[PDB]
>>> print(open('final.txt').read())   # compact mmCIF, C-alpha atoms and all ligand atoms
# COMPACT_ATOMS: atom_id res chain seq x y z
CA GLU A 1 -20.78 -13.92 -20.77
CA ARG A 2 -17.22 -12.78 -21.63
CA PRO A 3 -17.16 -10.03 -24.27
CA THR A 4 -15.62 -10.44 -27.69
CA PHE A 5 -12.10 -9.05 -27.56
CA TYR A 6 -10.09 -7.75 -30.49
CA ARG A 7 -6.33 -7.62 -30.98
CA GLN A 8 -4.65 -4.42 -32.19
CA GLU A 9 -1.01 -3.47 -31.93
CA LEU A 10 -0.61 -0.38 -29.72
CA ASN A 11 2.36 1.22 -27.92
CA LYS A 12 4.45 -1.65 -29.42
CA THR A 13 2.56 -4.44 -27.63
CA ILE A 14 -0.54 -6.38 -28.75
CA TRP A 15 -3.56 -4.95 -26.88
CA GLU A 16 -6.62 -7.17 -26.51
CA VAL A 17 -9.64 -5.11 -25.45
CA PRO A 18 -13.39 -5.79 -25.41
CA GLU A 19 -15.04 -4.58 -28.59
CA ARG A 20 -17.00 -1.97 -26.56
CA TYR A 21 -13.78 0.12 -26.46
CA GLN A 22 -13.25 1.76 -29.88
CA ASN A 23 -10.66 4.00 -31.48
CA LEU A 24 -7.68 3.52 -29.27
CA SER A 25 -4.94 6.12 -29.48
CA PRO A 26 -2.09 6.78 -26.96
CA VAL A 27 -2.20 9.85 -24.64
CA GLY A 28 0.17 11.67 -22.23
CA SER A 29 3.27 10.34 -24.09
CA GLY A 30 4.12 7.71 -21.42
CA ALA A 31 3.88 10.11 -18.43
CA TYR A 32 0.93 7.99 -17.23
CA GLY A 33 2.07 4.56 -18.22
CA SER A 34 0.82 2.69 -21.24
CA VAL A 35 -2.50 4.55 -21.76
CA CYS A 36 -4.92 5.02 -24.71
CA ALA A 37 -7.95 7.26 -25.14
CA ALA A 38 -10.96 5.25 -26.29
CA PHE A 39 -14.60 5.56 -26.97
CA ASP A 40 -16.68 3.40 -24.79
CA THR A 41 -19.63 2.44 -26.96
CA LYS A 42 -21.50 1.02 -23.97
CA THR A 43 -21.64 4.19 -21.81
CA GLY A 44 -20.99 6.86 -24.53
CA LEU A 45 -17.99 8.06 -22.51
CA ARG A 46 -14.48 8.94 -23.62
CA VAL A 47 -12.26 6.78 -21.44
CA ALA A 48 -8.59 6.09 -20.73
CA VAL A 49 -7.51 2.44 -20.89
CA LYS A 50 -4.30 1.57 -19.10
CA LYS A 51 -2.45 -1.69 -19.96
CA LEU A 52 -0.39 -2.47 -16.85
CA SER A 53 3.25 -3.15 -17.65
CA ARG A 54 5.23 -6.12 -16.28
CA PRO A 55 2.56 -6.49 -13.57
CA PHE A 56 3.70 -9.93 -12.17
CA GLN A 57 7.44 -9.72 -13.10
CA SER A 58 8.65 -9.51 -9.51
CA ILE A 59 7.29 -9.59 -6.02
CA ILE A 60 7.25 -5.79 -5.86
CA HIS A 61 5.59 -5.48 -9.30
CA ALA A 62 2.89 -8.03 -8.32
CA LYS A 63 2.38 -6.30 -4.98
CA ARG A 64 2.04 -2.88 -6.67
CA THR A 65 -0.44 -4.14 -9.27
CA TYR A 66 -2.61 -5.55 -6.50
CA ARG A 67 -2.43 -2.28 -4.63
CA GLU A 68 -3.26 -0.10 -7.68
CA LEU A 69 -6.23 -2.35 -8.48
CA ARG A 70 -7.56 -2.45 -4.88
CA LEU A 71 -7.24 1.33 -4.38
CA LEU A 72 -9.01 2.19 -7.64
CA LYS A 73 -11.78 -0.35 -6.84
CA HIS A 74 -12.26 1.33 -3.44
CA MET A 75 -12.39 4.95 -4.67
CA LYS A 76 -16.01 5.83 -5.64
CA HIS A 77 -16.37 9.57 -5.60
CA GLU A 78 -16.88 12.33 -8.15
CA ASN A 79 -13.60 14.09 -7.23
CA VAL A 80 -11.32 11.04 -7.14
CA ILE A 81 -10.29 8.78 -10.05
CA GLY A 82 -12.14 5.42 -9.78
CA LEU A 83 -12.70 2.52 -12.19
CA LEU A 84 -15.23 2.35 -14.96
CA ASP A 85 -13.91 -1.12 -15.84
CA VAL A 86 -11.12 -3.68 -15.29
CA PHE A 87 -10.49 -6.61 -17.55
CA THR A 88 -8.08 -9.23 -18.75
CA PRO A 89 -8.35 -11.17 -22.04
CA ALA A 90 -7.67 -14.35 -19.94
CA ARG A 91 -10.16 -17.15 -19.38
CA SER A 92 -8.21 -18.65 -16.45
CA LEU A 93 -5.70 -17.96 -13.72
CA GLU A 94 -3.13 -19.99 -15.73
CA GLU A 95 -3.82 -17.62 -18.67
CA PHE A 96 -3.69 -14.47 -16.48
CA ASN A 97 -0.85 -12.26 -17.72
CA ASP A 98 -2.22 -8.70 -18.35
CA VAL A 99 -4.53 -6.30 -16.49
CA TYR A 100 -6.30 -3.30 -18.11
CA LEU A 101 -7.90 -0.48 -16.11
CA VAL A 102 -10.55 1.95 -17.47
CA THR A 103 -11.39 5.37 -16.18
CA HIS A 104 -12.79 8.73 -17.37
CA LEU A 105 -10.89 10.72 -19.95
CA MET A 106 -10.81 14.17 -18.31
CA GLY A 107 -8.21 15.03 -20.91
CA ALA A 108 -6.10 17.66 -19.13
CA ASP A 109 -4.56 18.32 -15.70
CA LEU A 110 -4.55 21.54 -13.59
CA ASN A 111 -1.57 23.26 -15.44
CA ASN A 112 -3.27 22.29 -18.78
CA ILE A 113 -6.28 24.43 -17.80
CA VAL A 114 -4.55 27.30 -15.93
CA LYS A 115 -1.36 28.10 -17.96
CA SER A 116 0.27 30.22 -15.21
CA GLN A 117 -2.66 32.71 -15.21
CA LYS A 118 -4.49 34.25 -12.30
CA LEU A 119 -7.87 32.58 -11.97
CA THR A 120 -10.95 34.51 -10.83
CA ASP A 121 -11.81 34.21 -7.17
CA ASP A 122 -15.01 32.29 -8.13
CA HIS A 123 -13.15 29.75 -10.34
CA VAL A 124 -10.59 29.32 -7.50
CA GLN A 125 -13.49 28.63 -5.03
CA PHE A 126 -14.85 25.93 -7.42
CA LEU A 127 -11.46 24.23 -8.07
CA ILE A 128 -10.37 24.19 -4.37
CA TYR A 129 -13.86 23.12 -3.25
CA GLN A 130 -13.56 20.01 -5.42
CA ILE A 131 -9.99 19.08 -4.22
CA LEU A 132 -11.14 19.41 -0.60
CA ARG A 133 -14.32 17.40 -1.21
CA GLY A 134 -12.27 14.65 -2.85
CA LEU A 135 -9.59 14.83 -0.13
CA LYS A 136 -12.27 14.63 2.62
CA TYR A 137 -13.24 11.32 1.06
CA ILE A 138 -9.70 9.89 0.64
CA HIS A 139 -8.82 10.94 4.24
CA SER A 140 -11.95 9.27 5.69
CA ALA A 141 -10.72 6.04 4.12
CA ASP A 142 -7.53 6.63 6.19
CA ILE A 143 -5.40 7.28 3.10
CA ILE A 144 -2.82 10.13 2.84
CA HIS A 145 -2.11 11.26 -0.76
CA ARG A 146 1.37 12.78 -0.03
CA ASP A 147 2.16 14.12 -3.49
CA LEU A 148 -0.80 16.37 -4.32
CA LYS A 149 0.31 18.77 -7.09
CA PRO A 150 -1.43 20.15 -10.25
CA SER A 151 -0.19 17.18 -12.44
CA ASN A 152 -2.12 14.92 -10.06
CA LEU A 153 -5.34 16.79 -10.63
CA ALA A 154 -7.34 15.80 -13.70
CA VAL A 155 -9.67 18.51 -15.05
CA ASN A 156 -12.10 18.53 -17.96
CA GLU A 157 -12.93 21.64 -19.93
CA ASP A 158 -15.73 22.36 -17.51
CA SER A 159 -13.20 22.44 -14.70
CA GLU A 160 -14.71 19.40 -13.06
CA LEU A 161 -11.80 17.81 -11.22
CA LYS A 162 -10.64 14.36 -10.04
CA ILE A 163 -7.63 13.60 -7.85
CA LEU A 164 -5.32 11.01 -9.25
CA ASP A 165 -2.45 8.81 -7.91
CA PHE A 166 -3.73 8.84 -4.31
CA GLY A 167 -1.68 7.24 -1.51
CA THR A 168 7.61 18.68 -8.91
CA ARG A 169 8.64 19.16 -5.22
CA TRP A 170 7.06 22.66 -4.91
CA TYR A 171 3.69 21.52 -3.40
CA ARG A 172 5.25 19.20 -0.78
CA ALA A 173 4.78 19.79 2.97
CA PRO A 174 8.12 20.65 4.75
CA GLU A 175 8.08 17.31 6.73
CA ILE A 176 7.70 15.35 3.44
CA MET A 177 10.72 17.28 2.10
CA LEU A 178 12.64 16.54 5.27
CA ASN A 179 11.73 12.87 5.28
CA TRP A 180 10.07 12.77 8.75
CA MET A 181 9.20 9.24 9.67
CA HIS A 182 5.60 10.21 10.63
CA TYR A 183 3.01 12.52 9.14
CA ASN A 184 -0.66 13.30 9.12
CA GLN A 185 -3.38 13.97 6.57
CA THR A 186 -2.71 17.68 6.68
CA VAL A 187 0.45 17.15 4.62
CA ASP A 188 -2.19 17.27 1.82
CA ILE A 189 -3.74 20.49 3.15
CA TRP A 190 -0.30 22.09 2.80
CA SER A 191 -0.34 21.02 -0.83
CA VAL A 192 -3.88 22.49 -1.33
CA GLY A 193 -2.65 25.90 0.08
CA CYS A 194 0.26 25.93 -2.40
CA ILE A 195 -2.13 25.11 -5.21
CA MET A 196 -4.69 27.70 -4.08
CA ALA A 197 -2.06 30.50 -3.66
CA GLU A 198 -0.67 29.83 -7.13
CA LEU A 199 -4.20 29.85 -8.60
CA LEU A 200 -4.98 33.27 -7.09
CA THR A 201 -1.66 35.01 -7.84
CA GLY A 202 -0.82 33.30 -11.14
CA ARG A 203 2.52 32.29 -9.55
CA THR A 204 4.17 29.32 -7.73
CA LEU A 205 4.23 30.12 -4.01
CA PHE A 206 7.48 28.31 -3.20
CA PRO A 207 9.55 27.77 -6.36
CA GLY A 208 12.66 26.38 -4.62
CA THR A 209 15.54 25.45 -6.93
CA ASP A 210 16.33 22.47 -4.69
CA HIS A 211 15.42 21.02 -1.27
CA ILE A 212 17.18 23.56 0.93
CA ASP A 213 16.06 26.52 -1.31
CA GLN A 214 12.36 25.36 -0.89
CA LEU A 215 12.70 25.11 2.87
CA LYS A 216 14.15 28.69 3.10
CA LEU A 217 11.22 29.97 0.95
CA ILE A 218 8.70 28.23 3.30
CA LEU A 219 10.32 29.50 6.48
CA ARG A 220 10.37 33.03 5.06
CA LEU A 221 6.59 33.02 4.52
CA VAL A 222 5.60 31.16 7.72
CA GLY A 223 8.38 32.16 10.19
CA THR A 224 10.81 29.88 11.96
CA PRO A 225 9.21 27.14 14.11
CA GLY A 226 8.13 28.59 17.51
CA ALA A 227 8.70 27.02 20.97
CA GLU A 228 5.59 24.79 20.83
CA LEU A 229 6.55 23.20 17.47
CA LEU A 230 10.15 22.76 18.70
CA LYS A 231 8.86 20.74 21.67
CA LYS A 232 7.49 18.32 19.09
CA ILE A 233 10.84 17.60 17.36
CA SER A 234 12.26 14.13 18.11
CA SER A 235 15.50 14.24 16.07
CA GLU A 236 18.38 15.93 17.85
CA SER A 237 19.98 16.90 14.50
CA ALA A 238 16.79 18.64 13.44
CA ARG A 239 16.44 20.28 16.92
CA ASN A 240 20.05 21.56 16.81
CA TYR A 241 19.53 22.91 13.34
CA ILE A 242 16.31 24.76 14.30
CA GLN A 243 17.72 26.46 17.45
CA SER A 244 20.78 27.54 15.43
CA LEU A 245 18.31 29.42 13.19
CA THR A 246 17.85 33.17 13.44
CA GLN A 247 14.20 33.66 14.55
CA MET A 248 11.95 35.65 12.19
CA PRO A 249 8.32 36.85 12.08
CA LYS A 250 5.55 35.08 10.20
CA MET A 251 4.88 37.28 7.17
CA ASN A 252 1.44 38.91 6.91
CA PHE A 253 -0.54 37.01 4.18
CA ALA A 254 -2.57 40.11 3.33
CA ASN A 255 0.77 41.53 2.02
CA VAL A 256 1.69 38.42 0.08
CA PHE A 257 -1.74 37.94 -1.45
CA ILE A 258 -2.36 41.55 -2.22
CA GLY A 259 -5.96 42.19 -3.32
CA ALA A 260 -7.28 38.62 -2.79
CA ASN A 261 -10.64 37.91 -1.21
CA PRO A 262 -10.12 38.20 2.58
CA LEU A 263 -11.85 34.80 3.07
CA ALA A 264 -9.26 33.29 0.62
CA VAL A 265 -6.42 34.82 2.60
CA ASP A 266 -8.02 33.64 5.81
CA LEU A 267 -8.13 30.09 4.42
CA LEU A 268 -4.48 30.31 3.17
CA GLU A 269 -3.40 31.25 6.71
CA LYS A 270 -5.23 28.15 8.13
CA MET A 271 -3.70 25.83 5.55
CA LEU A 272 -0.08 26.95 5.46
CA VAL A 273 0.84 26.53 9.09
CA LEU A 274 4.29 25.12 9.73
CA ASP A 275 2.97 22.82 12.53
CA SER A 276 0.97 20.03 10.86
CA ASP A 277 -1.25 19.56 13.95
CA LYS A 278 -2.40 23.15 13.55
CA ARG A 279 -3.53 23.10 9.86
CA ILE A 280 -7.28 23.12 9.01
CA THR A 281 -8.59 19.61 8.00
CA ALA A 282 -10.44 19.04 4.73
CA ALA A 283 -13.84 18.60 6.39
CA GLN A 284 -13.25 21.90 8.29
CA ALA A 285 -12.05 23.80 5.18
CA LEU A 286 -15.16 22.68 3.31
CA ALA A 287 -17.22 24.53 6.01
CA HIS A 288 -15.10 27.69 5.80
CA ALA A 289 -16.98 30.79 4.58
CA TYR A 290 -14.80 30.84 1.41
CA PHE A 291 -16.94 28.01 -0.09
CA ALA A 292 -20.42 29.17 0.86
CA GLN A 293 -21.75 29.05 -2.74
CA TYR A 294 -20.59 25.45 -3.17
CA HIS A 295 -20.65 23.75 0.27
CA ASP A 296 -23.36 21.12 0.68
CA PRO A 297 -23.03 19.15 3.99
CA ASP A 298 -25.29 16.50 2.59
CA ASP A 299 -23.17 15.86 -0.55
CA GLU A 300 -19.63 15.58 0.82
CA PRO A 301 -19.48 11.77 1.28
CA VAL A 302 -17.05 9.71 3.34
CA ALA A 303 -15.41 6.41 2.32
CA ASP A 304 -15.70 2.98 3.91
CA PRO A 305 -12.35 2.57 5.61
CA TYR A 306 -9.54 0.95 3.67
CA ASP A 307 -7.29 -1.91 4.80
CA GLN A 308 -3.76 -0.98 3.73
CA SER A 309 -2.50 -4.10 5.65
CA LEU A 310 -3.72 -6.40 2.86
CA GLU A 311 -1.35 -4.66 0.39
CA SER A 312 1.82 -4.61 2.60
CA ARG A 313 2.19 -8.35 3.11
CA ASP A 314 5.28 -10.27 1.91
CA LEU A 315 3.76 -12.81 -0.47
CA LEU A 316 4.85 -14.94 -3.37
CA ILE A 317 4.27 -13.70 -6.92
CA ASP A 318 1.73 -16.43 -7.54
CA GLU A 319 -0.09 -15.41 -4.38
CA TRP A 320 -0.24 -11.74 -5.40
CA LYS A 321 -1.24 -12.78 -8.95
CA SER A 322 -4.16 -15.06 -7.80
CA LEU A 323 -5.36 -12.30 -5.44
CA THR A 324 -5.23 -9.70 -8.25
CA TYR A 325 -7.20 -12.12 -10.46
CA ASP A 326 -9.95 -12.41 -7.82
CA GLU A 327 -10.15 -8.56 -7.74
CA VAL A 328 -10.69 -8.61 -11.52
CA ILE A 329 -13.39 -11.30 -11.40
CA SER A 330 -15.09 -9.70 -8.47
CA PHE A 331 -15.31 -6.27 -10.22
CA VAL A 332 -18.82 -4.88 -10.45
CA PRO A 333 -19.07 -1.77 -12.64
CA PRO A 334 -20.60 1.43 -11.28
CA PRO A 335 -24.34 2.33 -11.80
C1 LIG M 401 -6.93 10.11 -15.23
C2 LIG M 401 -6.94 9.98 -16.78
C3 LIG M 401 -6.29 8.68 -17.15
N1 LIG M 401 -4.89 8.66 -16.66
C4 LIG M 401 -4.43 7.29 -16.67
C5 LIG M 401 -5.36 6.22 -16.03
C6 LIG M 401 -5.46 6.16 -14.63
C7 LIG M 401 -6.27 5.17 -14.03
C8 LIG M 401 -6.94 4.24 -14.84
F1 LIG M 401 -7.70 3.28 -14.24
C9 LIG M 401 -6.84 4.31 -16.25
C10 LIG M 401 -6.05 5.29 -16.86
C11 LIG M 401 -4.00 9.60 -17.37
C12 LIG M 401 -4.00 9.49 -18.91
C13 LIG M 401 -4.61 10.94 -17.06
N2 LIG M 401 -6.09 11.03 -17.37
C14 LIG M 401 -6.56 12.10 -18.06
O1 LIG M 401 -7.74 12.22 -18.34
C15 LIG M 401 -5.50 13.08 -18.57
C16 LIG M 401 -5.36 13.20 -19.94
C17 LIG M 401 -4.37 14.05 -20.44
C18 LIG M 401 -3.95 14.38 -21.72
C19 LIG M 401 -4.68 13.93 -22.99
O2 LIG M 401 -5.79 13.44 -22.85
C20 LIG M 401 -4.29 14.27 -24.47
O3 LIG M 401 -3.21 14.84 -24.62
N3 LIG M 401 -5.11 13.90 -25.53
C21 LIG M 401 -4.66 14.18 -26.91
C22 LIG M 401 -6.43 13.19 -25.33
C23 LIG M 401 -2.98 15.30 -21.64
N4 LIG M 401 -2.72 15.53 -20.34
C24 LIG M 401 -1.67 16.40 -19.86
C25 LIG M 401 -3.54 14.78 -19.57
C26 LIG M 401 -3.70 14.66 -18.19
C27 LIG M 401 -4.67 13.80 -17.69
CL1 LIG M 401 -4.83 13.71 -15.97
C1 LIG M 402 12.64 23.99 9.01
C2 LIG M 402 12.02 23.10 10.07
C3 LIG M 402 10.51 23.26 10.04
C4 LIG M 402 9.85 21.92 9.62
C5 LIG M 402 8.68 21.65 10.56
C6 LIG M 402 7.68 20.62 10.02
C7 LIG M 402 6.69 20.45 11.15
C8 LIG M 402 5.44 19.70 10.73
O1 LIG M 402 4.60 19.59 11.88
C9 LIG M 402 4.83 18.34 12.62
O2 LIG M 402 4.41 17.29 11.79
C10 LIG M 402 4.81 15.98 12.25
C11 LIG M 402 4.24 15.05 11.19
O3 LIG M 402 5.25 14.88 10.20
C12 LIG M 402 4.25 15.60 13.65
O4 LIG M 402 5.09 14.57 14.19
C13 LIG M 402 4.23 16.83 14.60
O5 LIG M 402 3.25 16.63 15.66
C14 LIG M 402 3.99 18.19 13.89
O6 LIG M 402 4.37 19.24 14.77
>>> encode(input="final.txt", output="structure tokens", more="lines below")
Ligand SMILES: C[C@@H]1CN(Cc2ccc(F)cc2)[C@@H](C)CN1C(=O)c1cc2c(C(=O)C(=O)N(C)C)cn(C)c2cc1Cl
Ligand SMILES: CCCCCCCCO[C@@H]1O[C@H](CO)[C@@H](O)[C@H](O)[C@H]1O
Amino acid sequence: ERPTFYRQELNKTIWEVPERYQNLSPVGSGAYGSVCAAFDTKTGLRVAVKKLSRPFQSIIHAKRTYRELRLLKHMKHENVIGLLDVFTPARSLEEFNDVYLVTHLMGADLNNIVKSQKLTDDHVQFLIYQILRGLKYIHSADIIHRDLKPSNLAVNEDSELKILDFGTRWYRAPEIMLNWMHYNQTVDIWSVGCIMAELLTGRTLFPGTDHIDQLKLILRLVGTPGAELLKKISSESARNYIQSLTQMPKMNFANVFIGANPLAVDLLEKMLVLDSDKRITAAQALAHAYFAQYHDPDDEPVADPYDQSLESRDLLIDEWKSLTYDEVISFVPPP
């Protein structure tokens, strides 16, 4: 049977939430949407409840709601944000107006736990281990995150980590920067290297002041693209630009990451390769010697594959709304 809901004005709208969720107060000051921290009386968990905004206002709004709901419903993994609950106060499709999503309150992100300080090599092994475990899962579902950065990485005080928002500009692969039509999963590996470097050194690896500045910082660490990478460039404008570059040597990473664990440096080398086909994958990185104290080949699960074609249809609002409603009704909460 439907829970008892209660009405309580929050974020200058009337929230209606099941009574199980207690003590709602806003968090993140709108950086996350319309979100409140809550106490879930049923599970004993501190949770974040998100009231979707304007979810069926337009075709693109409707479409995006459906997508956010389907993605979250599909993600079931310790290192990826999933759903504890999804509800609407509506009894019918004709009543259906609002969607609320519930997940774990981790309560900080990566910056909020690091504060520009060098981390110990052991704490860096733990944090990167968890990103790569989570990313192995997302990638097995055939999803590319594309904007993996510290603000997208939720961390509790115990430094247990979940990846959020899955599918600044400082963590972005050069081809994402340059708006290449195609890319592979290892765009996210590039982001993990930037994150890992910054964790070890205390400092942002490529703090470009703008797009071109970033690119010059990247090229200066990893050399100008060699002959083999140039053979893979389609765009004549990009080709012309590259050849017009003054060639330069890849920097030695031992001299950039002075004093680091040599296994960390070895991993950084394998992640931060200009050519995306040549970067280590997440499943491979998880087997690298760097993570020996954490790697467990029997607890690094893969996802059932995910149909992105269902979310990129051109449908009517009412069609996307009735679909989204069926996702709500069909929700079965985790064990
Ligand atoms: C992933 C959850 C929920 N998330 C929104 C969300 C996503 C999916 C979903 F289904 C429900 C809610 C954001 C609030 C971030 N979030 C957090 O735990 C979080 C929480 C915070 C946060 C706060 O919690 C806080 O300031 N207080 C006072 C509790 C401050 N920062 C910088 C935060 C960063 C994150 Cl990532
Ligand atoms: C300054 C110019 C250097 C930018 C080089 C980025 C090269 C990234 O690598 C390229 O990734 C593409 C995916 O986007 C694939 O099409 C290619 O196979 C791969 O070589």
>>> closest_residue(input="final.txt", among="A:27, A:102, A:194, A:177", to="residue 128 in chain A", atoms="all atoms listed in the file")
A:194
>>> closest_residue(input="final.txt", among="A:125, A:239, A:303, A:170", to="residue 286 in chain A", atoms="all atoms listed in the file")
A:125
>>> residues_near_ligand(input="final.txt", ligand="ligand LIG 402 (chain M)", cutoff="8 Å", atoms="all atoms listed in the file", output="VMD selection string")
chain A and resid 173 to 176 178 180 to 184 187 215 to 216 219 224 to 225 229 to 230 232 to 233 238 242 274 to 278
>>> atom_distance(input="final.txt", atom1="CA of residue 141 in chain A", atom2="CA of residue 75 in chain A")
9.0 Å
>>> closest_atom_pairs(input="final.txt", of="chain A", to="ligand LIG 401 (chain M)", cutoff="7 Å", atoms="only C-alpha atoms and all ligand atoms", output="Markdown table")
| residue | atom | partner | partner_atom | distance |
| --- | --- | --- | --- | --- |
| A:27 | CA | M:LIG401 | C20 | 4.9 |
| A:28 | CA | M:LIG401 | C23 | 4.8 |
| A:32 | CA | M:LIG401 | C11 | 5.2 |
| A:35 | CA | M:LIG401 | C12 | 5.9 |
| A:37 | CA | M:LIG401 | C22 | 6.1 |
| A:48 | CA | M:LIG401 | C10 | 4.7 |
| A:49 | CA | M:LIG401 | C9 | 5.0 |
| A:50 | CA | M:LIG401 | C10 | 4.7 |
| A:72 | CA | M:LIG401 | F1 | 6.8 |
| A:81 | CA | M:LIG401 | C1 | 6.3 |
| A:82 | CA | M:LIG401 | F1 | 6.6 |
| A:83 | CA | M:LIG401 | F1 | 5.5 |
| A:101 | CA | M:LIG401 | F1 | 4.2 |
| A:102 | CA | M:LIG401 | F1 | 4.5 |
| A:103 | CA | M:LIG401 | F1 | 4.7 |
| A:104 | CA | M:LIG401 | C2 | 6.0 |
| A:105 | CA | M:LIG401 | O1 | 3.8 |
| A:106 | CA | M:LIG401 | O1 | 3.6 |
| A:107 | CA | M:LIG401 | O2 | 3.5 |
| A:108 | CA | M:LIG401 | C25 | 3.9 |
| A:109 | CA | M:LIG401 | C26 | 4.5 |
| A:112 | CA | M:LIG401 | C24 | 6.2 |
| A:151 | CA | M:LIG401 | CL1 | 6.8 |
| A:152 | CA | M:LIG401 | CL1 | 6.6 |
| A:153 | CA | M:LIG401 | CL1 | 6.2 |
| A:154 | CA | M:LIG401 | CL1 | 4.0 |
| A:155 | CA | M:LIG401 | CL1 | 6.9 |
| A:164 | CA | M:LIG401 | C1 | 6.3 |
>>> atom_distance(input="final.txt", atom1="CA of residue 288 in chain A", atom2="CA of residue 264 in chain A")
9.6 Å
>>> residues_near_point(input="final.txt", point="(-15.5, 1.1, -12.5)", cutoff="6 Å", atoms="all atoms listed in the file", output="JSON, numbers by chain")
{"A": [83, 84, 85, 333, 334]}
>>> closest_residue(input="final.txt", among="A:21, A:325, A:306, A:294", to="residue 144 in chain A", atoms="all atoms listed in the file")
A:306
>>> atom_distance(input="final.txt", atom1="CA of residue 265 in chain A", atom2="CA of residue 208 in chain A")
22.1 Å
>>> residues_around(input="final.txt", residues="range 252-256 of chain A", least_positions_apart="3", cutoff="12 Å", atoms="only C-alpha atoms", output="ChimeraX atom specification")
/A:197-198,200-201,203,205,220-223,249,259-273
>>> residues_around(input="final.txt", residues="residue 199 in chain A", least_positions_apart="6", cutoff="10 Å", atoms="all atoms listed in the file", output="ChimeraX atom specification")
/A:110-111,114-121,123-124,127-128,193,205
>>> decode(input="final.txt", residues="range 188-202 of chain A", atoms="N, CA and C atoms", output="mmCIF file, in the first residue's frame")
data_model
loop_
_atom_site.group_PDB
_atom_site.id
_atom_site.type_symbol
_atom_site.label_atom_id
_atom_site.label_comp_id
_atom_site.auth_asym_id
_atom_site.auth_seq_id
_atom_site.Cartn_x
_atom_site.Cartn_y
_atom_site.Cartn_z
ATOM 1 N N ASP A 188 37.781 8.799 -19.867
ATOM 2 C CA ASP A 188 37.564 8.834 -18.425
ATOM 3 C C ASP A 188 38.805 8.476 -17.618
ATOM 4 N N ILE A 189 39.605 7.555 -18.164
ATOM 5 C CA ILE A 189 40.969 7.251 -17.760
ATOM 6 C C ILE A 189 41.926 8.477 -17.712
ATOM 7 N N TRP A 190 41.846 9.328 -18.715
ATOM 8 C CA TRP A 190 42.521 10.593 -18.741
ATOM 9 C C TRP A 190 42.129 11.420 -17.547
ATOM 10 N N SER A 191 40.833 11.474 -17.251
ATOM 11 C CA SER A 191 40.350 12.204 -16.102
ATOM 12 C C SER A 191 40.880 11.609 -14.794
ATOM 13 N N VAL A 192 40.888 10.274 -14.689
ATOM 14 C CA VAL A 192 41.420 9.582 -13.475
ATOM 15 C C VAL A 192 42.938 9.886 -13.227
ATOM 16 N N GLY A 193 43.748 9.957 -14.306
ATOM 17 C CA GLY A 193 45.155 10.371 -14.217
ATOM 18 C C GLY A 193 45.339 11.778 -13.671
ATOM 19 N N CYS A 194 44.446 12.697 -14.083
ATOM 20 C CA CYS A 194 44.523 14.103 -13.674
ATOM 21 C C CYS A 194 44.208 14.222 -12.212
ATOM 22 N N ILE A 195 43.187 13.455 -11.815
ATOM 23 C CA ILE A 195 42.736 13.328 -10.429
ATOM 24 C C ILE A 195 43.856 12.722 -9.577
ATOM 25 N N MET A 196 44.353 11.552 -9.974
ATOM 26 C CA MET A 196 45.445 10.888 -9.280
ATOM 27 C C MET A 196 46.735 11.722 -9.142
ATOM 28 N N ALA A 197 47.189 12.378 -10.220
ATOM 29 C CA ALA A 197 48.342 13.299 -10.119
ATOM 30 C C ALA A 197 48.138 14.380 -9.040
ATOM 31 N N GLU A 198 47.017 15.101 -9.141
ATOM 32 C CA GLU A 198 46.658 16.120 -8.210
ATOM 33 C C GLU A 198 46.546 15.642 -6.766
ATOM 34 N N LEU A 199 46.068 14.415 -6.545
ATOM 35 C CA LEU A 199 46.055 13.805 -5.227
ATOM 36 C C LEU A 199 47.450 13.547 -4.633
ATOM 37 N N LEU A 200 48.376 13.112 -5.472
ATOM 38 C CA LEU A 200 49.736 12.814 -5.046
ATOM 39 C C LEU A 200 50.569 14.072 -4.746
ATOM 40 N N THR A 201 50.395 15.114 -5.578
ATOM 41 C CA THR A 201 51.290 16.260 -5.590
ATOM 42 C C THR A 201 50.714 17.411 -4.797
ATOM 43 N N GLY A 202 49.404 17.347 -4.533
ATOM 44 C CA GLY A 202 48.656 18.396 -3.853
ATOM 45 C C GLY A 202 48.132 19.434 -4.831
#
